[PDB]
């Protein structure tokens, strides 16, 4: 019933990430990013009971750590994306291998005109929302709908160099964690006109902290992976009011420099 998952698929980050990972100041501490990453990996694996499929790092692919961009998974059908950046399209080769070893329904985005980034796809359990930016185009959302037939797909424009989940994420069933800046409050109002259902809102002052990770572990509660108070204290105050969720402060300050967030580093899978 939304949020249930049994497997997580991640990928180690390479040394190429420090100097050659795409971004939109301050250099990246490669050692710290991989310390924050394994702790991130430890929470999905040894903490929340999921088994984490760790994928080896490819030094020719600086952004290989952000596996969400190359796969959108729903129920028993996984969509292999064609990323917006041509240099990221080879990240999908090992992604397809691993997801196959899990025996999912594999739909590859092969249209030479299709580009879709997994960070631009916000799935609410009832329908999809696809950000329209330079990474995800119109037709790129049209294979997403063609892939997942039983869900409505509505597209929302994303300005600047952002993804859709750069300022928003699901913090619960029918609950949408939203940022407070002007671009997020604009994309949120647009999405609620297309949906015939009324969604809830968890407004946080920091757009980066609006990207969380919601999980539903049976008899364990509703788990929320949010940004630590050291990273964003004003936004961690909001998540602290949720006394009925298992709150876990996860740090991602290094990978945030290359526009990498909590959601983008793992592909969550329910296999039953």
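Residue numbers count along the first chain shown, from 1. Think of the rigid core as the biggest set of C-alphas that the two forms share within 1.5 Å after superposition.
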Please work out whether 61 to 69 or 211 to 219 has the higher root mean square C-alpha deviation in 7 other deposited structures of this protein relative to the shown form, with the rigid core as fitting region? 211 to 219
Report, from the record, the number of residues in the deposited sequence between residue 24 and residue 25 that have no coordinates, as none, 1 to 3, 4 to 9, or 10 or more. 1 to 3
Output the stretch having the higher mean C-alpha B factor in the entry; the candidates are 217 to 225 and 238 to 246. 217 to 225
For 191 to 199 versus 87 to 95, entry-based mean Cα B-factors point to 191 to 199
Using the temperature factors in the entry, find which of 52, 208, 30, 61 has the highest value at its Cα atom. 52
Split the chain's modelled residues into thirds by Cα B-factor; is residue 267 in the lowest, middle or highest one? middle
Relative to the other modelled residues of the same chain, rank the CA B-factor of residue 255 and answer lowest, middle or highest third. lowest
Looking at the C-alpha B-factor of residue 77, is it in the lowest, middle or highest third of its chain? highest
If you rank every modelled residue in this chain by C-alpha B factor, which third holds residue 117: lowest, middle or highest? middle
Comparing against every modelled residue in the chain, figure out the third that the C-alpha B-factor of residue 126 lands in (lowest, middle or highest). middle
